[PDB]
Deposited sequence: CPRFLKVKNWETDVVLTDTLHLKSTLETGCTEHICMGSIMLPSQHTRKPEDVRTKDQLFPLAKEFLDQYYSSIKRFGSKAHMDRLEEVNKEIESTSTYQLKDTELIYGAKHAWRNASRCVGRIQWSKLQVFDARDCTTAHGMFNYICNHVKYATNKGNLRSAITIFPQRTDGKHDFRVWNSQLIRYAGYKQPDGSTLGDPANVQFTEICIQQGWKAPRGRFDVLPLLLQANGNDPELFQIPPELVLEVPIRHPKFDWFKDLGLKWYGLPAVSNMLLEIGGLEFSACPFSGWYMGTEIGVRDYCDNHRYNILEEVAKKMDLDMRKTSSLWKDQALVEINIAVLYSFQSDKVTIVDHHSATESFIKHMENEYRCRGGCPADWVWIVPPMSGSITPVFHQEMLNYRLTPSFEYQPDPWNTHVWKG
């Protein structure tokens, strides 16, 4: 099968053949599209084909397909699986696999960068204290005094599912949220449940609007343990506006390092349940989502009020006007402080260049339009008019249940 995608702005038509390598399910069928649904132990028998498929891909990529080295490796893994029910990745394979999981991440507009990922191998880690040290090192490396560098840290793979490594935080750095008796929220509403867990576990909460959460870390299936990230390692940016001098008195700031820590990395059938990865922000993630979602910091009203916009009717577009000014502020603040950030025009322009290159060299670039098109000004970015095909390639990043839902407490 050849599948065509068209760009409705340029009339450029591309041909996808990479979809023939797709594996897992999309959730969709011939009768129902689930394109806007956010979320729609392995046996020996299941594991060897998965491992073989991965190794064949790896050895093709190094131009050693069918070599003695390739064949010896398949045999070595086969024997390892039959006698241990699992296998260990070589470091080169782990690097390749992590980079490919990013390259395959259909919801990621930042993939032009995929080949420049620093992979920290933490598979020798045994304890939560060990995890804490690895994570601090990751943060320091990735932050790089504001010249941000993409990185992933990979903890030991799942064995029987009773010994999982997990970062209980959804991101390495994120702000606490506190539900008040009057039903209001102090700080970030997205993190209320996790904040309550930290407090229950012993965290002394400062109870302010931007308190950096402690890490809650589980090694080897043990109960998780609390650790404070050294404050000097957490780079933050006070938010101001280039023309509006009152913007700073909103008291806004954000952290520089976006670091997703709640996803599962699948490579050759192996499951890495603790694999925090980080890049740098696109400005709308902070300006649109984190600041202006109604269930997040929800600042639109306050900003528009200070701007003295006509808020009597939605048709003045007061909400849209304020939204643009906040996003200006986020970009201005990061740039002024020399902390890496990308605006949504630059990011989507680079994505389309990446995507076209992927079509030429790889036969495709799976992409989820719902996530790729930015949450403001969609139509004026080059991804809006670009048709995309969404499908699942491995290696991959996957969602997993929050661990407090599944953890067996030891006491």
Practice problem: Pop the missing stretches of the deposited sequence into a list, counting residues from 1 and keeping sequence order. | Solution: 1-2, 43-51
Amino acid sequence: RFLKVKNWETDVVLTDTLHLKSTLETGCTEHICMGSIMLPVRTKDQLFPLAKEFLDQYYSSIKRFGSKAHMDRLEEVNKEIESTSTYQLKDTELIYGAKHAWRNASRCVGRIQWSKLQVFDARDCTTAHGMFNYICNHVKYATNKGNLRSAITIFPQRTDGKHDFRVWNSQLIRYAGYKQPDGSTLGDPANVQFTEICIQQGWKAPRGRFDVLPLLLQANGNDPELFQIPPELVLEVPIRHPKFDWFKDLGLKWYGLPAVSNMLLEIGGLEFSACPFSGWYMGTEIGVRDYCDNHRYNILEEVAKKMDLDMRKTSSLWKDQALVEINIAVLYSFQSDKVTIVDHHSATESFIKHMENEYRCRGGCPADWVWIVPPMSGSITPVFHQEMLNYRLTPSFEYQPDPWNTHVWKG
From here on, numbers count along this sequence of modelled residues.
Quiz item: Mean C-alpha B factor from the entry: is it higher for 61-69 or for 347-355?
Solution: 61-69
Quiz item: Comparing 181-189 with 101-109, which stretch shows the greater average C-alpha B-factor in the deposited entry?
Solution: 181-189
Quiz item: Per the PDB entry, which option out of 306, 129, 174, 149 has the greatest Cα B factor?
Solution: 306
Quiz prompt | Out of 36, 43, 381, 386, residue topping the C-alpha B-factor column of the entry | solution = 43
Exercise. Taking the chain's C-alpha temperature factors as the reference, tell me which third residue 251 falls into: lowest, middle or highest.
Key: highest
Exercise. Looking at the entry's B-factor column for C-alpha atoms only, identify whether residue 365 ranks in the lowest, middle or highest third of its chain.
Key: middle
Quiz item: Would the CA B-factor of residue 162 place it in the lowest, middle or highest third of its chain?
Solution: highest
Quiz item: With respect to C-alpha B-factor, does residue 140 fall in the lowest, middle or highest third of the chain as deposited?
Solution: lowest
Practice problem: Determine, from the deposited record, the chain-internal third of the Cα B-factor for residue 213: lowest, middle or highest. | Solution: lowest
